[PDB]
Amino acid sequence: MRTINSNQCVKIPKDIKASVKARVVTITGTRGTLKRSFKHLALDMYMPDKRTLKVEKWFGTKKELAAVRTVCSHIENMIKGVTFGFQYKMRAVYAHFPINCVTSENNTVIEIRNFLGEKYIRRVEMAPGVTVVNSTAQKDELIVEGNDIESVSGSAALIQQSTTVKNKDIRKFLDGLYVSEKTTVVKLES
Amino acid sequence: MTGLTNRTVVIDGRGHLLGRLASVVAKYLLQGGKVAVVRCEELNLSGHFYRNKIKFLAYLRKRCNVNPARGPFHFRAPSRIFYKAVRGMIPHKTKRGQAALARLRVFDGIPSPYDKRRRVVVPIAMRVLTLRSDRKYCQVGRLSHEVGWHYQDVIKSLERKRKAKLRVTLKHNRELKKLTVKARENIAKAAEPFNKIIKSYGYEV
Amino acid sequence: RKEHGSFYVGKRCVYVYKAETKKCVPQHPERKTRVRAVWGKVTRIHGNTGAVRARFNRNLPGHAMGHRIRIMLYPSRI
Amino acid sequence: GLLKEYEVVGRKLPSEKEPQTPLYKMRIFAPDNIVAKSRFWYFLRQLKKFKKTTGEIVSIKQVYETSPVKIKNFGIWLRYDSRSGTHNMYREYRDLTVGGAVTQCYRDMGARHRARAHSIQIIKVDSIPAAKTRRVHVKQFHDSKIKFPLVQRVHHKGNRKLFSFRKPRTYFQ
Amino acid sequence: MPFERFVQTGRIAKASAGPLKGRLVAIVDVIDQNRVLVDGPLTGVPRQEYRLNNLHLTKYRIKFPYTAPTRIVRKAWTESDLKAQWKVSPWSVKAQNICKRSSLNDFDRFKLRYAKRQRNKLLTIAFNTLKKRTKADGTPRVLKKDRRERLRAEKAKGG
RNA sequence: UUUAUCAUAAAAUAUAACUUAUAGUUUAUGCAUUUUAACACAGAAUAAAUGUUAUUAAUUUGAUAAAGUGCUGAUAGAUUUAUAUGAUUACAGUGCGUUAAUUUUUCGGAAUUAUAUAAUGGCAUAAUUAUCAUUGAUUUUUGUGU
RNA sequence: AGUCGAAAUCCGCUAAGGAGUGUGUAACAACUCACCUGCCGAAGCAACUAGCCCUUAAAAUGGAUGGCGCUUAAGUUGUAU
RNA sequence: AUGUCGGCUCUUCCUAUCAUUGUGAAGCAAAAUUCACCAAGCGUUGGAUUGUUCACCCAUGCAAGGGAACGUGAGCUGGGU
RNA sequence: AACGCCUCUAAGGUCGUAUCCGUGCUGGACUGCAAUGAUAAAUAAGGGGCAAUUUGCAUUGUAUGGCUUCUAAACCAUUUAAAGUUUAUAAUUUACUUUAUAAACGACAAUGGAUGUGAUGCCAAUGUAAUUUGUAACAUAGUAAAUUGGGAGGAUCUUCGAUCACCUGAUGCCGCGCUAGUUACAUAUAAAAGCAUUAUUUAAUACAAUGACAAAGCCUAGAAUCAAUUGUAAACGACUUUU
């Protein structure tokens, strides 16, 4: 139909000094600065000469002007990433063998074994800006760190895939490494 | 210098597609060309990174069944994958179809005086002039690597050498171009030099 | 464009191409005779961008497809 | 053509058993002033007895749309026939004149439906004022005023020099 | 929003493609995704159909009602003093190459072009006038300081 | 159509007060002012735009045929022993032998009728053939005057 | 016993509570539905019809819109000159 | 006058996949096995009677799938025909 | 997310196969390509370079009427069809880096070229052509050149990469020849009736390419190939070697 016009201007908190060099959203804050690139995702935005930030898609069909809330969703996470960060938790549930999940620094990726008391050390490296530390004061729980929401879950997904059962009915052996909570590191308690 | 139209035409290839450049430069090349096409590493193709791979894996599958140093001579450097569109268009089984492929050089890595002689633009060839938005497109210098050109980085060890060497040269001419208008303050009172051109070009001259 | 080329109606068309010997004295205005050239005359605009077909005295010698032939102004008007 | 408009009246030649036949009228948009003369028979052969040649075609009249400078929009009712799903149909297209409002309507109906011209009968043309257009791709243009920086060009591509020198840089802001 | 070229009523425009190639016309209303009813009352063309593609836009939005007759546009265009401020636009000084560099007559073109010799005849003598820190003085400038005595002092000769 | 007038409509938005909100703002959370591209059909005035009717300016659009309308530029091509067994002729154009003035240039030119028609239309009437129709109009034969 | 399945069968209660919706619940139950109102305040939803893509759809020598190729086309459609 | 059937030797390509790599399904606990998508890379045999393709055995196999120019007689063999 | 919710896609970042591509291994534009070595007999006489040359005759090519020249110095430095860019100011920075503000520009007439984008040539003629012209006055401006050592520099199938452009030690003194604007002067040259002329369109100049001839100095002092071998090779040839 080539529908005409749809926009979005999210409210911007007073602490940050964010900008766009025409396609690249940067936003600085408490934990530092996180800038991810959209030189190719086909959208049009500019901060309307204020703290706030407005976006526009002129003359899109329907896949095309879907994008307006998405970049908006892709940056409202980036609000929380720079002033709070991100943290997930792995619960590490087993049936018989206690899983051995160790971390260190820095060298803060993972070091695991004993699945199922086996020989192969599974090992998963991480993304930059991301650290993975076991939870203290809690049995076999994990803490993710970082600011990129599309890297903390993927680092959690990289320890979701490994490890797994082979060849067997997974409805019998439900062992695995699972995410329980979706949390930030500062907001609002911690 | 001179040639039949000029001594040469040298075409930059950023966004200058494979198809609507060849199909122009082929037709030109039966009319007095003497051309060459350079910076080939960022031409463009429709489809995408994995799709128009599979355009280039039909014709890489095509051996010649019996003595396969008999037929198809594929070419892996991304220069002569330009050329694969300029061989169909010139009927190379005449001794005139081959009277343009001794005019035509095709380069990738911009050396060899097609780096100081001035390059040009051809309009319809531009990716920014015939391809709309959200229709993805593959890239030749990062496709033909993954159909096996062994020097996708061996350009960049020297491409950044020249791209660093071109920094200071524009700074060599930065203040020197600025010296001209600095010297032009000493020339506006020559005798009465300027009214002949303020009446002629004279808008910003 | 086809408004350009119609100014090339009715001009001659002439093309030189080199050869070996002289075989002719200089009498009509001086010629040591190294250059040899057949002749002709353009007529009409043909292509919707400016390609304009052209007839010669004899026939355009066949190996010239990519030789630098000329068009002189004769005859012309305003 | 540009689909000019003709009104047309038939005769049913004046045979003595009942002279003064009732002279029915159509409204024919047509590519030509020569072709509605044998399109009127195609509309007339749906209702009355009346076959050429037992009737004449008294004056076709070209009528000259009245309000071209204004931008009044119209709806058209429609009868398309696709592969076998012949139907009723209602659309609209926002055009300047009525005669431009049927060329465009053909060359949308042939554009998305394939709907050749031998299966379209323009059964009604109404000048819709406002507020009854369903038509989501139209009535978003009702909203005067509009900012609308849909900066286009012809994209004349590009122009003369087929080896230019100056990098054609569209956006130019 | 970077303050884009807003095709909005009633901004004046300079078309390029169709029969307005040389006309200054202004928008009445948008029609569809491609069509615009455009008009300039002071230039010699009424309203008619026109594509959104055939024209470029200026930057001077002038207020009208969206169902305005031409006569108040005839009123307001003179009121909005465009005809004053048109030919002062710094790159509509560049518009004067269709208003002066058209047809570029061959009864002055020597004086239009042997003066570029005259400008260049004093150009290069102001070249090799380096400031590049040499200074001073790069012998054999001892046999050039007498030449360079005719640049600075000046009186009288070198030296 | 358009433009210019007409009287009203009925006012849907655009010039044309000041709110509130919105952020950036000053002074001590609110105000002082700034962008309102939030702009409260938020106010009147105004366009009496829009709505109604009618007339229109060089009476205004452009299509589709008709007249040498008037050229300006070109393309390639030019039969012919017409007695080598039969107009080289006739159409027209030129310079010589009435006229009178009007007019213009004044150096030519220039311009003037009546001289005779079947007149052939314009108009008028007589007259009829004939006609979808017939207030009639198309005509036909004509006849006469002008 | 409201409840695998029900002949039946109303109502009382009440804005809204039905011999009842419930995890192959064997009793009571536990228990949330339906429903009404809070909450938000401009469009939503049911099947229907039919353009292209889409699944369909598998051949033995390696190669076919005729090749080069194209993708707000050089593409499938109605068409202007 | 196109030397016409088998086996031997021997390059090859083929997916409608037997089993090996990567999954998913299940009345998939495991072991075992079945389904189904992607996948042609190496692999698919040693023997009794027959002249054989098949047929049917015996055994290896943690396991033995189909097919192509009637592939092939100036390479044979000639057991049938 | 459009589809307030969800949702492995609507565009986007990733985990993955004996498959397919590449190293890895074997032949290599049959004779493509790269640097690199030698470079002759004789040294009486020659041969071969150095030569692109100093020196004429003679020929081609190219701007053909002096120029239908050019010039081989730029437009990001990952990347974009609304997207933006370019210059300012200030912070920052190695970096027109990053940041902030200001406009400027509005896919306008322009630009798709004379920004001729180290700002072209279309020339010093101060009679400027198929030759050169010269002498003064006036003003302002005032360039191009050539001899002596140490250093930073420059390669991607190279129009000279065993040298090369830049700075400096420093030799020296062109002050040989500069150009512009105004005015005067001394001339020489220049006319192919061809007057509806061109035509197999000269060609000089100049440029380079040349080669030849006697002219011009310099530099130069070998290999291959079989035969005969041998035996790491072998149908022969080739291939590894030897005196």
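Scroll up to find the structure this text is about.
Residues numbered from 1 in each chain as written, not as in the entry; some residues may be left out. Chains lettered and ligands numbered in written order. Part of a larger assembly, values for the part shown. Heavy atoms only, no water.

Next up on the list: the interface of chain E and chain A. Between chain E and chain A, the contact holds four residues from the first and nine residues from the second. Broken down residue by residue, the surface that chain E buries against chain A is led by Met1, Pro2 and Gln33 of chain E, which jointly contribute 95%. At the boundary of chain E with chain A, the tally comes to zero salt bridges. Across the contact surface, chain E and chain A share two residue pairs in polar contact. Its residues assigned to classes, the side of chain E that touches chain A shows two nonpolar, one polar and one charged. (Contact = heavy atoms within 4.5 Å. Buried area = accessible area lost by both parts, 1.4 Å probe. Salt bridge = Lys/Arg side-chain N within 4 Å of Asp/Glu carboxyl O. Polar contact = N/O pair within 3.5 Å; in protein donor to acceptor, adjacent residues only side chain to side chain. Nonpolar A, V, L, I, M, F, W, Y, C, P; charged D, E, K, R; others polar.)

This brings us to the protein's contact with RNA strand I. In the region of RNA strand I, 138 residues are neighbours, and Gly109 of chain B, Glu30 of chain C together with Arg169, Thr170 and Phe172 of chain D sit closest. In RNA strand I, the atoms that sit within 4 Å of the protein are 52% sugar and phosphate, with bases accounting for the remainder. For RNA strand I, a base oxygen lies 2.8 Å from a polar atom in the backbone of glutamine 173 of chain D. It is helix 5 (residues 156-172) of chain B that contributes the most residues to the surface near RNA strand I, eight residues altogether. Looking at side-chain class alone, the surface near RNA strand I contains 49 nonpolar, 29 polar and 60 charged residues. (Near = heavy atom within 4 Å. Helix = DSSP H or I, 4+ residues; strand = E, 2+ residues; numbered from the N terminus.)

What follows concerns the nonpolar core. Core analysis: the biggest nonpolar cluster contains 26 residues, and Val9, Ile11, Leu21, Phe82 and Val86 of chain B have the highest contact counts within it. Top element by residues in this core is helix 1 (residues 19-28) of chain B. It accounts for six residues. Each residue touching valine 86 of chain B, except ones within four places of it in the same chain, is listed here: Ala22, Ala26, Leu101 and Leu104 of chain B. Ranked by size, the runner-up nonpolar core spans 20 residues in total, among them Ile27, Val30, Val45 and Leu52 of chain E. (Core = buried A, V, L, I, M, F, W, Y, C linked by side-chain atoms within 4.5 Å. Buried < 20%, exposed > 50% of the residue type's maximum accessible area, 1.4 Å probe, protein only.)

Residue and element names in this part refer to chain A. The sheet contact formed by strand 1 (residues 7-10) and strand 6 (residues 53-56) spans four bridges and is antiparallel. Bridge assignment links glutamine 8 to a residue of strand 6, and that residue is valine 55. Sheet topology note: the strand 5 (residues 44-46)/strand 6 ladder contains three bridges and is antiparallel. Bridge pairing in strand 6 places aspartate 44 opposite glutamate 56. Hairpin remark: strand 5 followed by strand 6, antiparallel, with six residues in the connecting loop; positive phi at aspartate 49, about 55 degrees. (Pairing = 2+ DSSP bridges.)

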